[PDB]
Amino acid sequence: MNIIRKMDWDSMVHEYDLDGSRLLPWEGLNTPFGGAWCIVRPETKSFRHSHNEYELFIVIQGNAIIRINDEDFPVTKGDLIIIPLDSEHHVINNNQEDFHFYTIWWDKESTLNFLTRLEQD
């Protein structure tokens, strides 16, 4: 397995109205979670959704509002946000600078699949 993935910012895939770099796939990497580096561009907002899966945001750079079920959480570098199960959430970047965060998501399926793949190896 590759040890390092150098970030190529131009390789990001636009989804959920933001620019992302998904962790997976990564050949040889077995994780019980998924992840992505996400950028909400200046004066934009991301796509509102909700889901059964657990999710954590690690705020990397810039400033934004995380709206979770119509409660607003201002955030900046270093802050951690838990996304409650099935809550509607999106990210609002009213500022002039890119807003960066890493999301990690997981559930029973992803965890069991990690354990299953280990046993198969």
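For every residue, the number given is its place in the sequence shown, counted from 1.
Averaged over C-alpha atoms, is the B-factor higher for 34-42 or for 80-88 in this PDB entry? Higher of the two, by average CA B-factor, is 80-88.
Which is higher in the entry, the mean Cα B factor of 90-98 or that of 63-71? Taking the mean C-alpha B-factor of 63-71 and of 90-98, the larger value falls to 63-71.
Among the chain's modelled residues, which third holds the C-alpha B-factor of residue 54? Tercile = middle for this residue's CA B-factor.
By its CA B factor, does residue 21 count among the lowest, middle or highest third of the modelled residues in the chain? Lowest third, going by the recorded CA B-factors of the chain.
Chain thirds of CA B-factor: placement of residue 111: Middle third by C-alpha B-factor.
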